[PDB]
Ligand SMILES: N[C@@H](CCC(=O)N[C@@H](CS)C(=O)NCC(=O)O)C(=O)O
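Given as structure tokens, the chain that follows is alone and in the form deposited without the ligand.
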């Protein structure tokens, strides 16, 4: 369709060295097929040069026919070396084009907003990348390795047999190619029934075996071992009756292909023999005809798998380039200015309503104000949407109506990357990369040096903990690494937040693990990293007891701002710490 020219006319043609390698691959393709059709010409030159009066004019080899013997051998060697060099060169080209496609699509996927990554089963995007790149691999691979060389050689053989022997040799060669391809495609589409039935019956017999070996006690308690042997034997009989059809249909495929092609070679033998006894041809031309058509029979092993797998690969290519056409719903404003970093960072909310699936809102005409340079908390019941303040103010979601101000300009008018540089985040469930502790601390600022990571782990009080690990700060940590508690994960996220050093800071349920003393220590250490450096910290916790010492408290009751105050005057609401 249009997908083939979407791939082939953009990625294999981008620079000079890649275009030079594509031209090298095409020149090796045509040179290989030229040498391949020169092999039978030199073999008939051997035959017709040695078909002389031996006792009269035949002197010696390397004066009668040595040049064409060496040319037959060299053309044979060069015709396969050019195929293999063409395959190596175009595998290089296809792998580079696939790398550029996958890199661009992955960069686009990371550039899409959060709602796409929540509306997709994770790990399925990687499956789409992998199947799409294998689809591009298979379509370029079986178009340059198999289909184009075969069609070029069919064209050259029909042209040669037309030019030297007549149109009917090309007619029989083209009809042979058509009938061989039609037979192979049709009966290979027929054989997949038998292959899938044999796989299903094999799995059925193996499941009878494992279902009778799981239940071994129940087999022995009721004396049904002979019955289960009979069940296994019946399942294996039904397996072998399908493997019979697999091997029988493979026999039919192979013998039908060679019956077609041997009928071709015998008919062309008869027509060449008619030509030789008419004086037109010679006995070398018989072997020219036979070897040209037979050399067409050699590379046609691809034709079994091709017709299903280019369809599958075009589907996978369609999914990959459909991923590349997803647009982002959050638009950076044109001529957006990075601004208000040197200003005293205040965050102002005006009449914003937000909701996932906007028929039900989560925030209901909310308006708050974070004063500049101060530490402010917002609290509420577990489920009131205070976790949906990050995503609206980090601008991974957009407010449906309303405006957000950071030092008196809109966050929909600042450059998005500057806004995300200004905000610092300690999330709820801190995710750990399957990599070292050193990378999971250096992720706050990847250009920072080693002793900066040392000082940042020192500031969060985890240096003794990572020296206490066996490999030191090189420890394999994460899902497939050394498993740790959630408190150390939170403190790792804190150390990342020192390494970013942003102006504005969020701590959205930063203290939400199990043990209360751990979150008291966490609140303590984030309190010394908040103070004395003008970090306009914002806090979210469902436990107002843990954020009791804040400079300013705002409450959120069902999407509205209700009251503001201090510890004791706002401790009066429910959810008290009396049951703790």
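Residue numbers count along the first chain shown, from 1.
Same protein, other form: the form solved in complex with the ligand, not shown, and the subject of what follows.
- In this form the binding site remains open, since the ligand, overlaid from its pose in the deposited bound form, puts no atom within 2.4 angstroms of a backbone or C-beta atom.
- Here the marked residues 195, 254 and 305 all reach the ligand in the deposited bound form, each with a heavy atom within 4.5 angstroms.
- For the options 191, 348, 231, 412, the residue carrying a heavy atom within 4.5 angstroms of the ligand in the deposited bound form is 191.
- For the residues 104, 215, 301, 262, the 4.5 Å heavy atom test against the ligand in the deposited bound form is passed only by 301.
- Shown alone, this chain has one stretch from 272-280, 326-334, 246-254, 161-169 that lies within 4.5 Å of the ligand in the deposited bound form by heavy atoms: 246-254.
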